[PDB]
Every structure is written in C-alpha cells, then in structure tokens.
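Read through the structure below, which is laid out as structure tokens, and then see the notes.
Protein chains in written order, with UniProt numbering: chain A, 2 to 149; chain B, 2 to 149; chain C, 2 to 149; chain D, 101 to 149; chain E, 51 to 100.
Now the structure itself:
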C-alpha cells in the first residue's frame with residue numbers, strides 16, 4: 002500500500018506537465034530548457050602550497066522556449082519586433098511544474114528580466130509530417146527556484 | 002465533436018504545405034529554412050553590481066531554399082549568373098503556409114531584399130535513386146512575419 | 002562452490018549501490034562522476050640526450066552529481082543561492098560503495114573542500130516520460146580514496 | 101613539497117622598495133587583487149645546500 | 051663603497067572609466083570648469099566592497 006497522497010509528498014516529479022507564465026499571461030509551450038545557475042571560478046596559488054578556490058561572479062542565463070505555430074496572432078513575433086536599439090519590454094518568466102489538473106505548483110523556476118534575442122522559423126519540408134515550431138531564446142539576469 | 006472549422010482556428014499548422022512567392026512569380030520548392038530573427042547582446046557591468054543587459058543590432062538572415070532540376074529553363078541559374086560586381090536584382094521572398102487547396106494564407110514569413118550567394122549542383126551518383134536537387138542560399142536584411 | 006563470503010573478498014564491486022555523504026547529511030543521488038586524480042607534466046631535455054620526465058602539480062577535480070526533483074525543499078538550490086562574492090559553505094563529500102543493506106563501506110572516494118559552481122534545470126518537454134533531474138557540478142581541491 | 105627542505109636559494113642582501121602597484125579594478129574580471137613591489141638591492145648570491 | 055637611497059616619490063596618474071548615460075555627464079562638468087590654474091580638487095576613495 003502506497004496511498005497516493007504519499008506519492009504527492011515523496012515521489013519525484015516528471016517533466017511533461019508545466020505551465021509557463023510569461024509576464025502576466027500564460028502561453029502554452031512545448032519545450033523549455035536552459036534555466037541554469039552558473040558561476041565562474043577564482044583561483045590563487047602561492048609558493049608555499051596554499052591553493053585558494055573561490056566562486057566568481059555568476060553569468061547570465063540563456064533560456065530557450067519552443068511552441069507551435071497557430072493560425073491566429075503571433076505573440077512571440079510581436080515581442081521581438083518591438084526592439085528599438087535598447088528598448089524591449091522585459092518580462093518575468095515563471096515555469097512551474099504543476100499537477101495534472103493545472104491548478105497548483107509543485108516546484109517553480111523563476112526568471113527575472115528576460116528579453117528575446119532570437120526567434121527561429123520552422124523548417125519547411127514538403128516530405129514531412131510535422132508541426133511548425135518556432136523556437137525563441139531569451140536572455141535574463143537571475144534564475145530563482147521557489148518550492149511550495 | 003470537433004467540427005473542423007474549429008480545427009482551422011485553434012489547431013496548429015503543419016509544414017508540408019507552403020507557397021514560395023519569389024519576387025513576382027511562384028516557384029515550387031521542396032525545402033525552405035533559415036528565416037530567423039537574431040539579435041546581438043550589449044552588456045555593461047560596474048563595480049557596484051549593476052549588470053545592464055540590452056539587445057544589440059540584428060544581423061542579416063541567411064535563407065536556404067532547395068528545389069529539383071527540371072528539363073526546361075533554370076530560373077535560379079539565370080538569377081545568380083546576373084552578378085556584375087555589385088549588381089543583382091534583389092527580390093522579395095514570401096513563404097506562406099497555405100491551405101490544402103493553395104488559395105489562402107494561414108501565416109507567412111516575408112523577406113525583404115534577398116540576393117543569391119550560392120547555388121550547389123546535385124550530387125551525381127550512378128548507384129542512387131534520387132532526384133537532382135539544387136540548393137540556393139540567399140542573403141537579406143529583414144524577416145517579417147505576417148499572420149492572417 | 003564459491004561460498005559467498007568469498008565473493009565479498011575477491012570479486013569486484015558494481016557501481017549501482019552508493020551512499021553520498023554531503024557535509025554531515027546523506028542526500029540520495031542518481032549519478033556521480035568526475036572524482037579524478039590528475040597531474041601535470043614537467044619535461045626537460047638537454048643536448049646530450051637526457052630527457053627528464055616529472056609529475057607536475059595536481060589540478061582541481063570537477064565533480065558532477067545529479068538527483069531528481071522532489072516536491073519538498075530543494076537543498077541544492079539553498080547551497081548555491083548562498084554565494085556572496087567569495088563566501089560559500091564548503092562541504093566534505095563522501096561517495097562510498099556500500100553493501101546492499103546500506104550499512105558498511107566497501108571502498109570510498111573522499112572529496113575535501115567542495116563548493117557548487119553550476120546547477121542545471123531539468124529539460125521540460127511535453128512529449129517525454131522522464132523525471133526532472135537537476136545536475137550540480139562541484140569544485141574541490143583533493144580526492145582521497147579510503148578502502149576498508 | 102612538504103616544505104621541510106631547501107634545495108637551492110637566492111640571497112638578496114640590502115633591499116628596499118622603490119615601487120608598489122595597486123590592483124587593476126575591473127568590473128568584468130574574475131581575478132584576484134594582485135599587488136607587485138619592486139625592490140632595489142646591491143648583490144645577489146646563490147647558496148646551494 | 052656604493053650607497054643606494056630612495057629618492058622622492060613622483061605623482062600618481064589615476065585612470066577611471068565609466069559608461070555614457072542619458073542623464074548629465076558628471077565627469078564633464080569637473081573637467082569643463084578648468085579656469086587656467088583652477089580646479090575643484092577632490093579626494094577619491096576606491097574601496098573593495100563585499
């Protein structure tokens with residue numbers, strides 16, 4: 002007997018159920034990767050033998066998202082077209098592993114000030130049964146993990 | 002019940018049905034890729050801790066198209082042979098995901114001032130049952146996505 | 002007749018049963034690699050023919066660990082979030098090949114002063130039946146093998 | 101290694117500082133603040149023991 | 051006999067670089083106000099901070 006309320010406490014979480022909160026809206030995505038926390042390394046050696054190893058300064062995350070092309074309005078083109086030499090609406094990204102109903106967060110990866118740097122077109126092929134998938138890559142400053 | 006007029010509103014679009022408008026003519030192509038929107042990155046750090054992340058200037062797209070070799074007149078050789086040291090007829094590329102009849106656009110990727118930079122011959126092999134496919138690569142300045 | 006108390010003396014040890022002691026706590030991990038002992042090389046040649054080959058100074062190990070995402074509190078985020086420009090709680094890593102009961106060490110790999118340098122998010126994919134796996138990489142100064 | 105045996109040494113006799121450089125502060129660098137001092141002496145000898 | 055002595059120290063040349071911001075240029079209004087001998091001389095502290 003494992004009594005599935007205990008599965009919701011001590012079993013791990015899969016990666017197929019996630020909600021992406023993009024600014025103040027929810028946008029359905031297919032994939033999401035690159036929400037890393039990376040530091041640099043400071044080193045210092047003297048002649049006596051002391052090696053000093055230290056964390057450096059953390060560098061920027063590069064988050065890539067991908068969703069399909071729908072017949073309506075393209076919300077990801079409208080956010081990468083509004084670039085005027087510096088000026089982009091930064092957004093808060095929230096990617097939360099959710100329950101199957103979609104109403105409560107298991108664990109979330111938060112992203113502070115993201116702006117788009119690329120947007121790839123789908124690969125058009127007359128001999129392929131696939132869905133047109135755009136892939137946007139984002140650049141931010143901080144990745145935060147809230148667990149609840 | 003899904004009532005297929007609702008499939009034309011809220012289901013995604015596949016990549017096997019597309020019309021390529023090449024200047025003022027329609028040319029049948031097999032593949033089409035590389036219609037990306039890429040920016041550079043400006044960064045600035047001071048000693049107090051402020052990291053300033055900014056979009057740079059967007060660079061040029063490199064679009065590659067490929068079609069088969071037909072017994073008539075080669076229209077892609079006639080456009081890469083008319084290079085005189087600067088002088089090329091720039092064309093407007095339109096690659097539109099279309100319905101199955103071919104008469105109305107679902108979503109389109111527009112390309113502003115494209116000119117050819119390469120044209121590859123097919124690979125001749127006496128032990129292969131394949132079609133002779135030329136592959137032309139283009140260089141432009143802007144990629145626009147119109148949705149209708 | 003092989004009399005399995007002799008298997009515990011002269012047969013080799015598999016890699017699927019291991020306990021990771023992380024500071025003063027045991028944390029369950031899925032994978033663990035990179036606990037190497039690497040030296041540099043000094044060389045010296047003269048005109049008479051004497052080649053002099055010598056071990057240099059040993060460089061730092063880079064240990065990578067990976068475990069799954071659980072619904073409770075993230076202990077590996079709480080240790081990489083506590084970086085203030087130099088200041089990290091260094092920990093002692095012990096990765097011991099253990100018996101099947103989990104109560105006695107066969108051979109252990111000890112790691113002296115480890116601190117986190119990276120922490121990767123899981124790859125979110127809507128078409129995948131996988132477990133959310135974080136992967137932390139550590140940097141230390143010494144790798145010790147105790148056998149008992 | 102252990103630090104318990106001197107192999108060969110260089111002996112600087114009457115040194116005094118003539119320069120001291122500060123570290124180079126740079127907000128985009130993962131480095132250690134390193135000073136260097138230049139000294140001026142009168143003789144350098146080598147004892148080999 | 052060969053005597054070696056420290057001389058007298060020479061003056062430092064500091065170099066500070068920052069970016070151009072949309073406000074006012076505070077480094078400019080301190081080098082613009084040079085009247086032929088005169089300059090508001092300031093005292094600078096460069097502190098390695100946590």
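We treat Cβ as the ideally placed atom computed from N, Cα and C, and that holds for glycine.
Subject >> Unbroken alpha helix (DSSP H) run spanning residue 9 of chain B, endpoints >> reply: Annotation for residue 9 of chain B: the continuous alpha helix (DSSP H) segment containing it runs 8-11.
Subject >> Option in C/92, C/96 and C/50 with minimal Cα separation from residue 29 of chain C >> reply: When each option's Cα is compared against that of residue 29 of chain C, the closest is C/96.
Original post:
Under 7 Å between C-beta atoms, does residue 41 of chain B make it to chain D?
Top reply: Answer no: the Cβ-Cβ gap between residue 41 of chain B and chain D never drops below 7 Å.
Original post:
Would you say residue 93 of chain A reaches chain B, if we count a Cβ-Cβ gap shorter than 7 Å as a contact?
Top reply: For residue 93 of chain A, the closest Cβ of chain B is not nearer than 7 Å.
Original post:
Is residue 81 of chain B helix, strand or coil when you go by DSSP?
Top reply: Residue state, collapsed to three classes: helix.
Original post:
With a cut-off of 7 Å, does the C-beta of residue 48 of chain B fall near any C-beta of chain D?
Top reply: Yes, contact with chain D.
**OP:** Identify the continuous beta strand (DSSP E) that holds residue 69 of chain A and give its terminal residues.
**Re:** Here the beta strand (DSSP E) through residue 69 of chain A covers 63-69.
**OP:** Drop a sphere of 10 angstroms on the beta-carbon of residue 110 of chain D, count the other beta-carbons inside from all chains shown, and report buried for 16 or more, exposed for fewer.
**Re:** The residue is exposed, with fewer than 16 neighbouring Cβ atoms inside 10 Å.
Original post:
In chain B, what lies closer than 9 Å to residue 69 of chain E by C-beta?
Top reply: Result: 45, 47 and 53.
Original post:
At a CB-CB cut-off below 7 Å, which residues of chain B make contact with residue 125 of chain A?
Top reply: Result: 16, 19, 32, 33, 34 and 96.
**OP:** Return no unless some Cβ of chain A is closer than 7 Å to the Cβ of residue 62 of chain B.
**Re:** For residue 62 of chain B, the answer is no, since every Cβ of chain A falls outside 7 Å of its Cβ.
Original post:
Going straight from the alpha carbon of residue 74 of chain A to that of residue 10 of chain B, what length do you get?
Top reply: Looking at the two C-alpha atoms, the distance is approximately 11 Å.
Original post:
When burial is assigned at 16 or more other CB atoms within 10 Å of the CB, is residue 78 of chain C buried or exposed?
Top reply: Residue burial annotation: residue 78 of chain C is buried, with at least 16 other C-beta atoms found within 10 angstroms of its C-beta.
Original post:
Counting Cβ pairs, one atom from each stretch, are 3 or more of them under 8 Å apart for the segment 53-64 of chain A and the segment 37-45 of chain A?
Top reply: Yes: the two stretches touch, three or more of their Cβ pairs being nearer than 8 Å.
Original post:
Buried or exposed: residue 91 of chain C, going by 16 or more other Cβ atoms within 10 Å of its Cβ?
Top reply: A residue is called buried when at least 16 other Cβ atoms come within 10 angstroms of its Cβ; residue 91 of chain C does not meet this threshold and is exposed.
**OP:** Could you tell me how far apart the beta carbons of residue 98 of chain B and residue 107 of chain B are, in whole angstroms, since I believe they sit closer than 8 Å?
**Re:** Contact between residue 98 of chain B and residue 107 of chain B holds, since their C-beta atoms are separated by about 5 Å, short of 8 Å.
**OP:** Would you identify the three-state DSSP class for residue 60 of chain E, choosing helix, strand or coil?
**Re:** Here residue 60 of chain E sits in coil by DSSP.
Subject >> Coil, strand or helix - residue 2 of chain C by DSSP >> reply: Assignment of residue 2 of chain C by DSSP, reduced to helix, strand and coil, places it in the coil class.
**OP:** On the DSSP bridge assignment, give the partners of residue 54 of chain C in chain order.
**Re:** Paired residue(s): C/44.
Original post:
According to DSSP, what are the bridge partners of residue 135 of chain B?
Top reply: Answer is B/68.
Original post:
Between the segment 57-69 of chain C and the segment 129-142 of chain B, are three or more C-beta pairs nearer than 8 Å?
Top reply: These segments do not touch.
**OP:** List the endpoints of the continuous beta strand (DSSP E) containing residue 20 of chain A.
**Re:** Segment 19-23, the beta strand (DSSP E) holding residue 20 of chain A.
**OP:** Specify, as a first and last residue, the run of the beta strand (DSSP E) that residue 95 of chain B falls within.
**Re:** Residue range 92-99 is occupied by the beta strand (DSSP E) that includes residue 95 of chain B.
Original post:
Cβ atoms of residue 62 of chain B and residue 141 of chain B: under 7 Å apart, would you say?
Top reply: Contact: yes.
**OP:** Please report the residue range of the beta strand (DSSP E) in which residue 146 of chain A lies.
**Re:** Looking at the DSSP string, the run of the beta strand (DSSP E) that includes residue 146 of chain A is 144-148.
**OP:** Indicate the three-state DSSP secondary structure (helix, strand or coil) for residue 129 of chain A in the structure shown.
**Re:** The answer is coil: DSSP assigns residue 129 of chain A none of H, G, I, E or B.
Original post:
Which value, in whole angstroms, describes the spacing of the CA atoms of residue 35 of chain B and residue 122 of chain A?
Top reply: About 7 Å.
**OP:** Inspect the beta-carbon positions of residue 115 of chain A and residue 94 of chain A and report whether they are closer than 7 Å.
**Re:** Between residue 115 of chain A and residue 94 of chain A, the gap from beta carbon to beta carbon is short of 7 Å.
Original post:
For residue 102 of chain A, does the three-state DSSP call read helix, strand or coil?
Top reply: Of the three classes helix, strand and coil, the one that applies to residue 102 of chain A here is coil, per DSSP.
**OP:** Would you decide whether residue 146 of chain D is buried or exposed? Buried here means 16 or more other CB atoms lie within 10 Å of its CB.
**Re:** Exposed, because fewer than 16 other Cβ atoms sit within 10 Å of the Cβ of residue 146 of chain D.
Original post:
Whose CA, out of A/3, A/21 and A/32, lies closest to the CA of residue 105 of chain A?
Top reply: Looking only at A/3, A/21 and A/32, the smallest Cα-Cα distance to residue 105 of chain A is reached by A/21.
Original post:
Since residue 29 of chain C meets chain A, which of its residues come closer than 7 Å, beta carbon to beta carbon?
Top reply: Residues of chain A with a Cβ closer than 7 Å to the Cβ of residue 29 of chain C do not exist, since the nearest Cβ in that chain sits about 10 Å away.
Original post:
Can the beta-carbon of residue 151 of chain B be found less than 7 Å from the beta-carbon of residue 112 of chain B?
Top reply: Missing from the structure shown is residue 151 of chain B; chain B here goes from 2 to 149 and no further.
**OP:** Let me know if residue 88 of chain C comes out buried or exposed under the rule of 16 or more other beta-carbons within 10 Å of its beta-carbon.
**Re:** Around the beta carbon of residue 88 of chain C, fewer than 16 other beta carbons sit within 10 angstroms, so the residue counts as exposed.
Original post:
Under the DSSP definition of a beta bridge, which residues are partnered with residue 121 of chain D?
Top reply: In the DSSP output, where bridge partners are listed per residue, residue 121 of chain D has D/136.
Original post:
Got a sec: is the Cβ-Cβ distance from residue 139 of chain B to anything in chain A below 7 Å?
Top reply: Chain A contact via Cβ: absent.
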